[PDB]
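Every number for a ligand or one of its atoms is a count from 1 in the order of the listing. Note on naming: letters A, B, ... go to the chains in the order of the sequence lines (proteins, then strands), and numbering restarts at 1 for each one. No hydrogens, no waters, no symmetry mates; every other heavy atom, side chains included, goes into these values.
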2 protein chains.
Amino acid sequence: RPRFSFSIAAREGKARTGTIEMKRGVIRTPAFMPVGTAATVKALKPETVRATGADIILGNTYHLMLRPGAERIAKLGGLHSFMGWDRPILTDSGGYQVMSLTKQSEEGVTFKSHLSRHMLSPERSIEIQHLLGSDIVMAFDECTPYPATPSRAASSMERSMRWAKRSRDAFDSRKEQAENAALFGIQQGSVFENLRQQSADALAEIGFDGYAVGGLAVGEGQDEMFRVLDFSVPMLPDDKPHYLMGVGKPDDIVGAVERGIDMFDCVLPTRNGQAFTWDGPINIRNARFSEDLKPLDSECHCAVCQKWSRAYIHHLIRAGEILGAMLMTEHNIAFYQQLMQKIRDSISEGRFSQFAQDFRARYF
Amino acid sequence: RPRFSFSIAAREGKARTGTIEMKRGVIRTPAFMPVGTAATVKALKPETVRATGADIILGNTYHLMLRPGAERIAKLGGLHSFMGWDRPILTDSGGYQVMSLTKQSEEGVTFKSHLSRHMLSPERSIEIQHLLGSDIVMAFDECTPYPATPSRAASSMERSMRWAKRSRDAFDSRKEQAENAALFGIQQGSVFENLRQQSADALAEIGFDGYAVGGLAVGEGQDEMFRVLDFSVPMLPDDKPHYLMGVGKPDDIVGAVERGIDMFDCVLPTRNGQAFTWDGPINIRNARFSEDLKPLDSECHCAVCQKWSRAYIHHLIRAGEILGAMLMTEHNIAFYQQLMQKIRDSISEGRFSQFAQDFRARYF
Ligand SMILES: NCc1cc(CSc2ccccc2)c2nc(N)[nH]c(=O)c2c1
Ligand SMILES: NCc1cc(CSc2ccccc2)c2nc(N)[nH]c(=O)c2c1
Ligand SMILES: [Zn+2]
Ligand SMILES: [Zn+2]
């Protein structure tokens with residue numbers, strides 16, 4: 001396969017469905033990428049993650065650069081070999097996480113490990129992602145708090161764009177990385193239209209393989225997020241993937257696809273007790289499920305719903321058993337993948353708008 | 001298959017190898033039974049437990065009678081359906097656990113839940129095991145502390161024998177249970193030969209499908225345990241299974257089989273960091289494994305050793321990841337099953353004594 005090839009097979013309104021071809025495999029879009037925190041998708045073997053239908057997973061750089069360390073993972077053969085996942089892996093730049101879990105400057109960010117002093121710059125972020133063996137590398141950007149004043153949002157966005165250029169050059173100056181991986185730029189600008197436009201223009205001028213909409217899902221609310229996506233997504237190059245970072249609630253995903261987003265990721269799927277169903281989420285810890293012999297969801301095709309009851313999983317979670325987390329997580333990730341499949345098929349068949357309507361009606 | 005049929009196919013010295021045929025499946029002996037605490041073998045799906053080679057698992061009655069409750073499990077269809085394990089399940093009587101995790105009397109034991117007031121008697125213990133749908137029911141016995149004076153050991157053993165008779169009658173008075181399950185008696189008597197003899201004689205007079213050697217593995221040390229087994233096992237009926245409760249260290253198992261034991265169980269296999277290998281146990285948390293690309297064990301045929309390195313599992317356990325527990329547990333249970341297979345094959349081939357010798361030499 002080629003290093004990177006995004007092809008759009010069908011469209012409906014702003015929604016698109018297609019594929020991203022990479023050396024390690026094909027990614028069907030719209031896609032949901034399960035998140036692995038410490039070189040592992042919480043409570044699941046890689047084969048199980050694949051069984052749910054995932055084509056790509058997200059690697060949590062921040063934690064990996066601290067433990068076991070980027071250099072160490074490289075010495076061990078790379079993240080793919082390390083964790084046993086041979087398909088595409090997208091890695092975040094680590095900067096956003098650092099400013100959430102820190103001396104900031106135009107050169108980067110210095111911070112103390114939450115679990116020592118560490119320095120992170122656009123150049124070091126790209127190098128770390130290279131050492132991990134990432135297939136999709138994210139540009140190193142600055143976190144823009146919410147709410148943010150227009151002045152602060154502008155300064156942050158402008159810095160991010162300068163860092164986007166440094167990320168591009170660092171990526172290109174490394175032969176092995178430039179020829180085998182892809183690089184995504186990240187749009188910033190808070191909730192301001194003019195800033196989002198400036199960011200999109202700057203990103204397009206530099207040129208990237210894909211464009212992420214960053215700075216959202218920071219407590220603005222779905223209404224506000226959708227409002228921002230309405231004018232923000234069309235600003236990005238149409239022929240490249242659009243990735244909405246950190247968005248995963250089912251209803252958020254459907255609305256985001258309706259607005260042109262092609263890729264998603266979130267830790268929501270992965271012992272809270274919340275299980276997603278087509279009739280809305282349920283918390284399995286609730287006493288009403290203690291003797292419910294039905295599966296988590298009545299239509300779900302996952303292995304958990306074929307073999308165990310709500311009553312059993314209820315018992316597991318309330319007992320604090322590891323198997324409870326294993327089963328809840330497999331079902332949730334399987335549910336998310338089934339949602340993406342329904343979205344892809346509906347778009348391919350030109351009935352996505354209707355699917356969105358039916359989904360919402362039953363989910364709520 | 002029949003309700004219960006133990007057949008001895010081959011012998012060498014005091015060691016035996018054969019099968020126990022039951023309605024839900026065949027159990028190969030010597031057998032190792034993985035222990036499931038709360039209706040689950042720690043961090044493993046039932047299919048994975050079976051994949052390791054286990055023919056039967058042990059159900060932890062004490063915890064189940066408290067959560068989710070015996071009556072509830074019965075309402076839900078039984079433990080087999082509940083947890084998704086359709087093969088034989090052996091359940092302990094719960095009395096021993098109660099006196100470890102309490103007003104005692106000739107009628108039974110009253111106690112307060114560690115996680116309310118509850119009463120447990122020989123009759124109630126058998127009923128609980130019936131409600132759980134146990135295939136191999138253990139007689140309700142009294143815990144004999146260690147060390148124990150001859151007088152106290154005698155009183156406890158005598159009470160246990162009276163309770164063994166009550167267990168037998170309770171079991172037989174329940175048609176469905178008597179016709180579909182098996183009942184094992186438990187020998188007591190501490191480390192005293194005369195008491196063990198009295199207990200064995202009492203148990204044989206009553207008549208059981210199998211006989212367990214109880215009261216050992218209570219801090220006496222392998223030397224002392226082996227000394228007690230030397231004279232205790234021959235006292236039990238030769239044509240019925242001999243089950244050593246709570247014994248599982250690899251070397252203990254080999255020595256116990258050399259002394260006539262056919263069944264084992266222990267929580268040792270199931271984030272401590274200890275992984276069993278043919279060259280002895282290792283603690284994966286040790287820094288020396290941080291960049292060790294080799295599998296847990298060089299010969300082990302389990303899925304964990306075929307796919308992941310010590311370095312990765314080291315990272316997982318030190319990071320507190322659930323997958324670490326999943327992988328460590330699967331390997332350990334697989335290792336135990338491989339040990340039992342080597343024991344069974346060596347006995348069948350009349351070279352068990354040699355196997356024991358070679359095992360010890362390399363393990364230590
Ligand atoms: N709060 C939404 C969100 C989430 C992430 C994290 S995406 C991620 C990172 C590591 C593991 C899994 C997902 C972001 N990352 C970057 N670089 N920029 C953003 O604007 C942003 C916004
Ligand atoms: N300390 C060894 C040991 C362990 C168990 C517990 S075996 C078990 C119970 C529940 C779950 C798994 C294994 C015992 N149980 C009974 N009834 N009698 C004993 O003498 C004895 C000695
Ligand atoms: Zn499901
Ligand atoms: Zn192994």
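Residue B/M245 places a heavy atom less than 4.0 Å from ligand 2. A/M33 does not count as a contact of ligand 1, since none of its heavy atoms falls under 4.0 Å from the ligand. For the pair B/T144 and ligand 2, no heavy-atom separation below 4.0 Å is found.
A donor-acceptor contact closer than 3.5 angstrom is absent between the side chains of A/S125 and A/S93. Side-chain N/O atoms of B/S134 and B/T91 include a donor and acceptor closer than 3.5 Å.
The side chain of B/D141, and not its backbone, has at least one atom closer than 4.0 Å to an atom of ligand 2 (non-hydrogen atoms only; side chain from C-beta on). Contacts between B/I186 and ligand 2 below 4.0 angstrom, taking non-hydrogen atoms only, involve the side chain exclusively. Residue contacts with ligand 2, taken as heavy atom pairs separated by less than 4.0 Å, involve B/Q188 solely via side-chain atoms from C-beta onward. At a heavy-atom cutoff of 4.0 Å, ligand 1 is contacted by no atom of A/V247, backbone or side chain.
Atom-to-atom distance recorded for A/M263:CE and A/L58:CG is 9.0 Å, nearest 0.5 angstrom.
Here A/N332 pairs with nothing under the side chain to side chain donor-acceptor pair (under 3.5 Å) rule; sequence neighbours left out. With sequence neighbours left out, the ring-ring contact (aromatic ring centres under 6.0 Å, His included) criterion links A/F32 to A/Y336.
Of the possible donor and acceptor atoms, one in the side chain of A/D265 sits under 3.5 Å from a partner among the backbone N and O of A/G246.
Here the angle at the Zn ion (ligand 4) defined by ND1 in B/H331 and SG in B/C300 stands at 110°, rounded to 10 degrees. If you put the vertex on the Zn ion (ligand 4), SG of B/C302 and SG of B/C305 sit 120° apart, to the nearest 10°.
Counting the atoms of ligand 1 from 1 in the order shown, those under 4.0 Å from a heavy atom of A/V35 are 11 (C), 12 (C). Contact atoms of ligand 1 toward A/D92: 6 (C), 7 (S), 8 (C), 9 (C), 10 (C), 15 (N), 16 (C), 17 (N) (distance under 4.0 Å to a heavy atom of the residue). Short contacts between ligand 1 and A/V218, defined as distances under 4.0 Å to a heavy atom of the residue, involve ligand atoms 1 (N).
Between the choices A/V267, A/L244, A/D265, the shortest heavy-atom distance to atom 13 (C) of ligand 1 belongs to A/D265.
Considering backbone and side-chain atoms together, A/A217 places an N or O closer than 3.5 Å to an N or O of ligand 1. Considering backbone and side-chain atoms together, A/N60 places no N or O closer than 3.5 Å to any N or O of ligand 1. For ligand 1, the polar-atom distance check finds no N/O of A/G214 at less than 3.5 Å from any of the ligand's N/O atoms. Taking any N or O of B/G215, backbone or side chain, at least one lies under 3.5 Å from an N or O belonging to ligand 2.
Note that B/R166 lies outside the cation-pi zone of B/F140, set by a 6.0 Å cut-off to the ring centre and a 45° limit from the axis. With a 6.0 Å cutoff to the six-membered ring centre and a 45° limit on the axis angle, A/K45 does not count as a cation-pi contact of B/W308.
Aromatic ring centres of B/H301 and B/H331: separated by at least 6.0 Å.
Counted within 6.0 Å of CZ on B/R162, heavy atoms from surrounding residues, nucleotides or ligands total more than 12; the atom is thus considered enclosed.
Residues B/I56 and B/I89 have side chains not in contact (no heavy-atom distance under 4.5 Å, counting atoms from C-beta outward).
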